[PDB]
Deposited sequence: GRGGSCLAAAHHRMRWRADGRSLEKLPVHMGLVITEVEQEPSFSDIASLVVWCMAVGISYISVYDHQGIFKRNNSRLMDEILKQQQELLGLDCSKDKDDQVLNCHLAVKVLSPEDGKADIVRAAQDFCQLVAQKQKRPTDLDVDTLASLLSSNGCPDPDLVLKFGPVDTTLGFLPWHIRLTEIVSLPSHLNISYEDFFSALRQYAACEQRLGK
């Protein structure tokens, strides 16, 4: 029913992000897990394959289950490993600190005479940069008054389109879907 309508909405857009990024810069109060979860299931319904939740304080990483529970609530009411895969809760160390980790690993394989420094190719580091089973984000929704990525996966946002909304509190589908139209009309020339 309503599942098909949301699937049709996403299908009509000229483009849909395969990986979605939800960056909350708001820190005046604790984030709204309901509004967050409500965005997440929306992404799943329109057809976004992966959704990453990020905050600078790490509040989400702390209260992971509180979100995943809220997700499953909305995920059933008016809508397991099914969301734990696509939904990944992130924190600042998932970016620069993880890039440091990758260097520490390659510096070690170099030191083991197994790899050569001359083999630290960009594509090589990318694979070593915890690619896991996630592609690079292509659409980030920056919720808040601060105009910054606050350190969200700096290696991966190289070509990500960054759309900003004034707050996530009491967010609405039309607000969330109007952002998706914007990305759909965005033009990537890839330097050509």
Checking coverage: what stretches of the deposited chain sequence are missing C-alpha positions? 1-10, 90-100
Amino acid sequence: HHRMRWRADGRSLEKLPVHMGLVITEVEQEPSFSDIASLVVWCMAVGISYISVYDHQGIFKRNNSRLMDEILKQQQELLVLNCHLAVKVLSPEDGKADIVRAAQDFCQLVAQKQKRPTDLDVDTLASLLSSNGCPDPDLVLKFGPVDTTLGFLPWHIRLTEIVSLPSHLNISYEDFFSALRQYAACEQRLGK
From here on, numbers count along this sequence of modelled residues.
Quick one: higher average CA temperature factor, 144-152 or 62-70? 62-70
With reference to the PDB entry, specify whether the mean Cα temperature factor is higher for 159-167 or for 24-32. 24-32
Residue 192: which third of its chain by C-alpha temperature factor? lowest
Entry-reported Cα temperature factor of residue 8, expressed as the chain third it lands in: middle
Which third of the chain holds residue 134 when residues are ordered by C-alpha B factor: lowest, middle or highest? highest
